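Take a look at this single chain, the form solved without ammosamide 272 (27X), given in structure tokens.
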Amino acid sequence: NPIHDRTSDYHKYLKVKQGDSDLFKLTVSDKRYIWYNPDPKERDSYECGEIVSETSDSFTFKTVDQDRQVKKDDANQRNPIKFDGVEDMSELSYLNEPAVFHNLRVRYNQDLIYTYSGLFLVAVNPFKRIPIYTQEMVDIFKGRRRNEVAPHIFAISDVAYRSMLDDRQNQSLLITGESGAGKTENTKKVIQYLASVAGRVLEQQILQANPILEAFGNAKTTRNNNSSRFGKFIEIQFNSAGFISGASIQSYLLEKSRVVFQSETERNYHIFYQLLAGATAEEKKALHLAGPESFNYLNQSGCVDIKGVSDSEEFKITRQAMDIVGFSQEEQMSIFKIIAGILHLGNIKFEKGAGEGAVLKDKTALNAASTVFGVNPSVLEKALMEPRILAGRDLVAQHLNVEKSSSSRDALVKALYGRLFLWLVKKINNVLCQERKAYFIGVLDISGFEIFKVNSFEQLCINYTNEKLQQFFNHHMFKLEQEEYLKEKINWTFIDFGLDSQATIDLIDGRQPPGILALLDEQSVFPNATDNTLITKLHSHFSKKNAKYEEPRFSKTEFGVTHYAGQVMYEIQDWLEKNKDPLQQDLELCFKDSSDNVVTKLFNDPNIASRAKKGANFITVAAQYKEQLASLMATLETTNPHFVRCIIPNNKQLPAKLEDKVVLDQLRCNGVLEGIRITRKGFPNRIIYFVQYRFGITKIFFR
């Protein structure tokens, strides 16, 4: 049994190493220690000091260099060192910030990235490979109760699975974290585990969905070389017997804007670089492709390569995945034509004509785009610079200037890419949709909390999703738990754990008074609105009124929201246009006539191409965002949730470098310590009257 065998890989990579005789001596010491700040302005940088004396209300301790004194009520005592490396931190004698961090630190220094914190799992990103995800590791975890085996994403996955069978109830695994923390990697481990333990081709197709979704939906940002720029909820589906019977991917809004613009050091989506690096000799000839430096949508950020990644090798993995899932050869070629066409569209350079209207003097890129898409270039040209619209009921050809022509071309590009993404997902699901499910375990992998030099509408939506997810944790851990105690009169005094995201949520998405998103939508159907009337409207409603909002004095185009994870300043530029997400009808008419079988689906299939109405306007991006979020939250309310809190060690994407201030900020806003305390102070288990404990109006409660 590898669990009891100290030579096994399990012991070597999942268990704390045996301490030596010098450590034992230290472990049986009578000395006592405190965690203190050498500099009181740096409250997250701690050292260990020996307590050398006490009064009834104070401790005196030695610093690393001088004696100091602290009130016992302000003291962060160090746990006895026998607790260092403990698998479940609810066991600590002293529950405080430096002590929790220290325990994570002891584990992380030994490459033990997983630790329990009461009822939920903490996962600290290693930023290197650790050999704990093999089939042999999978086999050790199968069927084991949580307390029987070391902390691992596989263990929580198995717990959910056994709960699904024993309770005949759908489960969810909610993996939180800021950008780069490890959500996507852990998600993939859950799916790997479930597919193995509940498995019977289908299982391979489930796994091979991922390189396809990542190639099209992930990119390098300044926070993560493999950032997910769309959120997803993966339902792994099981029959009544508990075997895997299929899977369904709900994807959420994609950051389409990245197709046409990337900040310094970032990349566009991986697929672009994969194609250009990986394509056949005259694949590149048939698609009129050169290197990335030749394309406006790839040559602006200054970064075309990611350290440690071969885009040519990745392209081969993407294509192998498309084969397994079952995209035909013609389909793959059409997918790649669309990618190449987008790059050509980006190279179109509009210029000022005789008047205010734009012209196209060089039609090389236009012609190359048109060829690969199978559309008529003259029609495309007219649709870009002279689109027809209604003025009342009259049909009037516009003549767009350079900036509008360029923005229209960008709109077409973003629509092509976002529809293609949707089509990939729909094609994947149709293959994985083979049996009506009896049960599901859903795994949620959103885009994580993120802050850049410039934060836009996408960032607000991402960060709001994260705030909502933290609120869901808070609701399940603290609010529902104490509501149960109190309805069942078990002698409980309500505790205010001080984590309530409601104010921030209401600021962003309130209905009365209207929040940010509601005011955005109102401005978006107001004919005279501009980005400046928008920001003026937000300040008018929130400045000096809402405690989570800030009108900054240093800018007239930004506003601040205090999120759980910190304040973010958002730049209002282009919000109205991003929210309305327009595309000229004449561009649609152009592409509806495509000779390509995939392009034509993107423009004629109503599930991909049609856009809902509300009254006389198309649904905004904000309303679409809200529908998707409300849909997720409704599904989650029908599941039994399990939480994994992914923690990023630093902001450099480096191994072996656990940064104090970075980690402690996360432990705090995640509610980790509060979560451990409710587990310790409360009563996790209860049963209708069955035929350190308590008696409810209808149930016995215990621990």
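One rule holds for the numbers: they count along the sequence shown, beginning at 1.
As for the form solved in complex with ammosamide 272 (27X), it is not shown, yet the points below apply to it.
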* Sole residue of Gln320, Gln512, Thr134, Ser595 within 4.5 Å of ammosamide 272 (27X) in the deposited complex, by heavy atom -> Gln512
* Asked: Taking ammosamide 272 (27X) in the deposited complex as the reference, which of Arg409, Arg419, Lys427, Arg107 has a non-hydrogen atom within 4.5 Å?
  -> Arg419
* Can you pick the stretch from 562-570, 603-611, 281-289, 321-329 whose heavy atoms fall within 4.5 Å of ammosamide 272 (27X) in the deposited complex? -> 603-611
* Asked: Would ammosamide 272 (27X) be touched by all three of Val86, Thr115 and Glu203 in the deposited complex, meaning a heavy atom each within 4.5 Å?
  -> no
* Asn170, heavy atom within 4.5 angstroms of ammosamide 272 (27X) in the deposited complex -> no
* Touches ammosamide 272 (27X) in the deposited complex: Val525 (any heavy atom, 4.5 Å) -> no
* Asked: Any of the heavy atoms of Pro582 lying within 4.5 Å of ammosamide 272 (27X) in the deposited complex?
  -> yes
* So, in the deposited complex, is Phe542 in contact with ammosamide 272 (27X) at a 4.5 angstroms heavy atom limit? -> yes
* Asked: Going through 252-287 from first to last, which residues have a non-hydrogen atom within 4.5 Å of ammosamide 272 (27X) in the deposited complex?
  -> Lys256
